[PDB]
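Residue numbers (PDB author numbering), protein chains in the order written: chain C, 128 to 141, 150 to 183; chain D, 128 to 141, 150 to 183; chain A, 128 to 141, 150 to 183; chain J, 1 to 52, 52A to 52C, 53 to 65, 68 to 82, 82A to 82C, 83 to 100, 100A to 100R, 101 to 118; chain N, 2 to 27, 27A to 27E, 28 to 108.
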Amino acid sequence: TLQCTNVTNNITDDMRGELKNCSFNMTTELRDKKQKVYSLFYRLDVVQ
Amino acid sequence: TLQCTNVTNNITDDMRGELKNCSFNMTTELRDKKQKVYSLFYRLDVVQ
Amino acid sequence: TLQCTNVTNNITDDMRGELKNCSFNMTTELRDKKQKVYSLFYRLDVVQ
Amino acid sequence: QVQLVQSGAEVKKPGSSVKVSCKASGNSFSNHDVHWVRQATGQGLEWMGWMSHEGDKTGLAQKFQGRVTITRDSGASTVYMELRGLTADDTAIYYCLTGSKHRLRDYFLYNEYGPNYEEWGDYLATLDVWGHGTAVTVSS
Amino acid sequence: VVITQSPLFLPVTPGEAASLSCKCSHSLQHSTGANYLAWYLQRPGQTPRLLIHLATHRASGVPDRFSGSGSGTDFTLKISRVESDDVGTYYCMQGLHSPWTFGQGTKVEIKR
Ligand SMILES: *[C@@H]1O[C@H](CO)[C@@H](O[C@@H]2O[C@H](CO)[C@@H](O[C@@H]3O[C@H](CO[C@H]4O[C@H](CO[C@H]5O[C@H](CO)[C@@H](O)[C@H](O)[C@@H]5O)[C@@H](O)[C@H](O[C@H]5O[C@H](CO)[C@@H](O)[C@H](O)[C@@H]5O)[C@@H]4O)[C@@H](O)[C@H](O[C@H]4O[C@H](CO)[C@@H](O)[C@H](O)[C@@H]4O[C@H]4O[C@H](CO)[C@@H](O)[C@H](O)[C@@H]4O)[C@@H]3O)[C@H](O)[C@H]2NC(C)=O)[C@H](O)[C@H]1NC(C)=O
Ligand SMILES: *[C@@H]1O[C@H](CO)[C@@H](O[C@@H]2O[C@H](CO)[C@@H](O[C@@H]3O[C@H](CO)[C@@H](O)[C@H](O)[C@@H]3O)[C@H](O)[C@H]2NC(C)=O)[C@H](O)[C@H]1NC(C)=O
Ligand SMILES: *[C@@H]1O[C@H](CO)[C@@H](O[C@@H]2O[C@H](CO)[C@@H](O)[C@H](O)[C@H]2NC(C)=O)[C@H](O)[C@H]1NC(C)=O
Ligand SMILES: *[C@@H]1O[C@H](CO)[C@@H](O[C@@H]2O[C@H](CO)[C@@H](O)[C@H](O)[C@H]2NC(C)=O)[C@H](O)[C@H]1NC(C)=O
Ligand SMILES: *[C@@H]1O[C@H](CO)[C@@H](O[C@@H]2O[C@H](CO)[C@@H](O)[C@H](O)[C@H]2NC(C)=O)[C@H](O)[C@H]1NC(C)=O
Ligand SMILES: *[C@@H]1O[C@H](CO)[C@@H](O)[C@H](O)[C@H]1NC(C)=O
């Protein structure tokens, strides 16, 4: 699962809500460790 | 690992112990979530 | 990740530090259990 | 009722360390949390620190950081605590008590090809029965 | 995380119900729904004894006069029919977050 926020600032106003910023509690390549990362996503690729 | 019980409901007595009801902590399709699950099983496919 | 020490057994002194003994809590035949096991390794196969 | 034993009361000079010990009959420390508590007459209880019954965790109330340690005899039949830097305002009744905890996974990721990533933690449940305690005071 | 308790002390008329409260900066509830709250009584001249625990039950061998309440940041301890042997001080405790802590406590004393 991802935690997210609406992307804000530096946008055309007709782009509002089209992008979300989200993050992961996903593991490192070592199986015993964890890292936090985040990425830009189109709203179309996610569902609450 | 499975938690189990003998199924005694609605059963002819020469069938006793042929079925067990069991349950487990196996995962949901989300990587970070789990769900309780249970099923009937034939005694032949399990061991203590 | 593995814990290690520089284990020896009447090692010649030109072999020192070439082998390490290390351990981890592995995986087991059941997803719900872990166990600790150790084995010897050549120094070449590991990095701190 | 497990017997509990603690060190006799002691007077110590200001600016210096003291040490205490405790015991559980039947080597029941293996099944209980080690705890230390401090109290002053006319004042509320203060947790000092603990050790897990597995012995794989220890800790201190933050007031004691860098002044306290906890050790035990092999096979955990007894436990010890050392206090450092004591001054006259450290006069208190000190206690050793047994305890209980709940260990619950706090986070997980299932892995198809390996052990599940897991995070765990301890929540104290109850204090178990209190030791008779020790008294420690500090004077010239 | 911090803990407080009130009233600092309570005068008591014998044979009458009375209660104590404990509050803290964060809920004592856990994601499992577990609560890590416990109350203790210290008679003077004696070490403390568990009264209730995990915000849900009396400790074994505790009189049934004992009860408690609440959720989240607020909890109470109540004793119906308070008796002179309930004199002493009381402490709430948090096992939910490190370092484990006690409330500042309250004192029960018979009114005079
Ligand atoms: C599948 O996964 C889940 C986790 O997602 C597994 O459940 C978890 O199991 C571990 C044990 O393996 C538990 O740790 C132990 O917890 C107990 C306290 O928990 C008990 O009390 C709960 C509260 O009960 C009151 O409140 C509720 C309302 O909230 C009321 O309904 C009740 O009536 C009561 O008033 C109760 O809810 C708990 O049940 C839950 O868990 C069981 C499985 O255990 C499920 O069947 C239930 O459905 C329910 O979810 C439970 O009864 C602590 O007492 C334990 O501490 C001991 O162990 C420590 C080492 O681990 C040690 O440090 C401590 O000192 C202490 O040692 C004592 O006990 C040992 C025996 O256990 C003795 O050997 C020893 O000598 C000493 O006496 C421990 O922390 C987790 O709490 C539990 N998860 C949760 C969130 O509760 C589940 O088991 C898995 N399934 C399978 C098949 O494996
Ligand atoms: C990534 O997973 C970790 C657990 O592995 C999550 O950690 C959780 O983080 C929150 C925030 O730090 C902790 O919440 C705490 O709750 C109390 C009461 O509501 C509040 O007082 C604190 O301020 C805090 O929010 C939570 O306890 C902690 N969990 C554990 C296991 O430590 C984190 O949320 C995860 N991130 C994602 C995006 O899901
Ligand atoms: C993030 O933007 C979304 C739209 O992209 C906003 O969605 C609204 O969310 C609330 C709560 O679920 C609903 O009442 C609205 O109807 C939603 N709007 C639509 C278009 O579906 C959300 O409010 C935004 N968040 C921020 C902080 O502005
Ligand atoms: C234990 O292993 C460590 C390395 O993990 C050894 O440390 C090295 O020792 C040599 C000789 O003193 C130094 O040249 C290295 O710089 C040391 N490494 C580091 C990390 O300090 C140590 O010799 C080993 N002990 C045994 C008995 O073999
Ligand atoms: C074996 O598992 C134990 C836990 O069951 C691991 O011990 C913890 O390890 C981390 C990393 O060193 C420490 O933060 C904890 O404090 C350790 N716990 C205790 C009880 O000491 C250990 O890392 C595991 N080993 C393997 C190879 O993964
Ligand atoms: C289940 O059945 C077997 C024999 O059929 C019996 O030995 C065992 O005690 C039973 N267990 C329960 C929990 O009923």
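We treat Cβ as the ideally placed atom computed from N, Cα and C, and that holds for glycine.
Shortest alpha-carbon distance to residue i belongs to which of the options?
i        : options                              : result
J:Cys92  : J:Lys12, J:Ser16, J:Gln39, J:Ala103  : J:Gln39
N:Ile75  : N:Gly66, N:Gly41, N:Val58            : N:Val58
A:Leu175 : A:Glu153, A:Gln183, A:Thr139         : A:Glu153
N:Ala34  : N:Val104, N:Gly91, N:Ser7            : N:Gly91
J:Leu82  : J:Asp72, J:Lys97, J:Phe61, J:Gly74   : J:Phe61
J:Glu52B : J:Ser73, J:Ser25, J:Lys19            : J:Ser73
J:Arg99  : N:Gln100, N:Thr28, N:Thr52, N:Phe98  : N:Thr28
J:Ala75  : J:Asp33, J:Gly44, J:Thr83            : J:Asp33
N:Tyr36  : N:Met89, N:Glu105, N:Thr97           : N:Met89
N:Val2   : N:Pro15, N:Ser56, N:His27            : N:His27
N:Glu79  : N:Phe62, N:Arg54, N:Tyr87, N:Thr52   : N:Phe62
A:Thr128 : J:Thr70, J:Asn27, J:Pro100K          : J:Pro100K
J:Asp86  : J:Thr104, J:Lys13, J:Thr68           : J:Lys13
J:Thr115 : J:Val20, J:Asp100B, J:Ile89, J:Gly26 : J:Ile89
N:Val104 : N:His27D, N:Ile4, N:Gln27C, N:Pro40  : N:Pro40
Return yes when the Cβ of residue j is within less than 8 Å of the Cβ of residue i, no when it is not.
i         : j        : result
N:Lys24   : N:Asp70  : yes
J:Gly82B  : J:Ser17  : yes
J:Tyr100M : C:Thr139 : no
J:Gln43   : J:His110 : no
A:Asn156  : A:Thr132 : yes
N:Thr102  : N:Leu21  : yes
J:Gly15   : J:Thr83  : yes
N:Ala55   : N:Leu27B : no
What would DSSP say about residue i, mapped onto helix, strand or coil?
i         : result
J:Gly74   : helix
A:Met150  : coil
N:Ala51   : coil
D:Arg178  : helix
J:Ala84   : helix
C:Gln183  : coil
J:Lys60   : helix
J:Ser7    : coil
J:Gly26   : helix
J:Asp100B : strand
J:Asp33   : strand
J:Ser17   : strand
J:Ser52   : coil
N:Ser80   : helix
J:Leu82   : strand
C:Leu165  : coil
J:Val107  : strand
N:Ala18   : coil
J:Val65   : strand
J:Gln1    : coil
N:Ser63   : strand
J:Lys12   : strand
N:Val58   : coil
Taking DSSP's pairing of strands, which residues face residue i in a bridge?
i         : result
C:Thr132  : C:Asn156
J:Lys97   : J:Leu102
N:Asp70   : N:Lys24
D:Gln170  : D:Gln170 is not bridged to any residue.
N:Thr102  : N:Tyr86
N:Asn31   : N:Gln27C
N:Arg45   : N:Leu37
N:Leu11   : N:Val104
J:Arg38   : J:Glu46, J:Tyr90
J:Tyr100M : J:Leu100E
J:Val116  : J:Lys12
Query raised in the report: Any residues whose CB sits closer than 5 Å to a heavy atom of ligand 8? List them in chain order?
Result: Ligands displayed in this structure: ligand 1, ligand 2, ligand 3, ligand 4, ligand 5 and ligand 6; ligand 8 is not among them.
Query raised in the report: According to a CB-to-CB cut-off of less than 8 Å, which residues of the segment 162–183 of chain D neighbour chain J?
Result: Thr162, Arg166, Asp167, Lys169
Report task. Note down, in chain order, all residues in the segment 37–62 of chain N with a beta-carbon under 7 Å from any beta-carbon belonging to chain J. Result -> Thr43, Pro44, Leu46, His49, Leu50
Query raised in the report: What are the residues of the segment 11–28 of chain J that lie near chain C, defined by any Cβ-Cβ distance shorter than 7 Å?
Result: none
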